[PDB]
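This document starts with one chain, in the form deposited in one PDB entry, laid out as structure tokens.
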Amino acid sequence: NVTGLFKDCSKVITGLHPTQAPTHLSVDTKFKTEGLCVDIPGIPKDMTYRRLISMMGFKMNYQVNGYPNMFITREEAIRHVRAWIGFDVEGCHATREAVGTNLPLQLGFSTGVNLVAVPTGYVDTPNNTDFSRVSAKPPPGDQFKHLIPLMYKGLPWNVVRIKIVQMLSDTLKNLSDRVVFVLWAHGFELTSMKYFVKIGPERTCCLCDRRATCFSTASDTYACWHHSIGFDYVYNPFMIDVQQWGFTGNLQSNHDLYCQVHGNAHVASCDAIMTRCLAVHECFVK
């Protein structure tokens, strides 16, 4: 029994030395005997590897005192309709030195904003995990051809996450004390959130009594949407996956049952607008 979370996507034929492998599964077979591992004199550690580790497959089903649930019920989401932001991500595929994982490329929101990131992954090395640019290509097919020019228009993730926090803060500061990301088939959106979301216990802002919605790695401080200028992470967001409400078929076919004003322009922001629109029609119309 294995999971795809933290799958090693490198093309290295062998596993790791016992001192460098993060897990027993990832140790090379040559060291495995009698149910455990052995150190073998004369078999050295590898001092130059770069192994891409997949961030697909997160499971946010913990129940830890004082930490809020990220995924919320339809009833809780309805009460916080003013906090709804549709979110969709179009990815690119690892290539060359790695294969088998998707990296965020175009991040789209129901505000109409599309942000483009440099293809970046989590690469294990002999000393740490290096969050770095990795070789990538858009998926093949005419439905994905629009992503080709985006491979050279990306911004570094330290810039993209600041822009996400600024956009959310500007949109929501007079609407809600939180954000509820409205998703359709959430797996890749949750993988993309690893790049710009942090979690922890509920906190209050560094300048008022409002709950904290943002975090700064510069000062290790917390802010609400009003006081988050310069903050780089979204803190304790909420989310809901609309696809889990009983719909069959794709996003567009279900969106089109209630709405005709949102034509499919085939972009992350358009999928994010259709997802929020479908949720609004399903919960509030008629």
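One rule holds for the numbers: they count along the sequence shown, beginning at 1.
The question of which stretch, 148-156 or 190-198, has the higher mean Cα B factor is settled in favour of 148-156. The PDB entry reports B-factors from which the mean C-alpha value can be compared for 112-120 and 135-143; the larger average falls on 135-143.
The top Cα temperature factor in the record, among 178, 210, 161, 79, falls on 210. As recorded in the entry, 255 carries the highest CA temperature factor of 255, 32, 50, 59. Per-chain ranking of the deposited C-alpha B factor places residue 218 in the highest third. Looking at the C-alpha B-factors along this chain, the one for residue 129 belongs to the lowest third. Among the modelled residues of the chain, residue 247 sits in the highest third by CA temperature factor in this PDB entry. Among the modelled residues of the chain, residue 278 sits in the middle third by CA temperature factor in this PDB entry. Among all modelled residues in its chain, residue 46 ranks in the highest third by Cα B-factor.
Here the subject shifts to the form solved in complex with a small molecule, a form of this protein not shown in this document.
Only one segment in the set 156-164, 171-179, 99-107, 72-80 has residues whose heavy atoms sit within 4.5 Å of the small molecule in the bound PDB entry; it is 171-179. Under a 4.5 angstroms non-hydrogen atom cutoff, the small molecule in the bound PDB entry lacks residue 216 among its neighbouring residues.
At a distance threshold of 4.5 angstroms between non-hydrogen atoms, residue 84 is in contact with the small molecule in the bound PDB entry. The shortest heavy atom separation between residue 114 and the small molecule in the bound PDB entry exceeds 4.5 Å.
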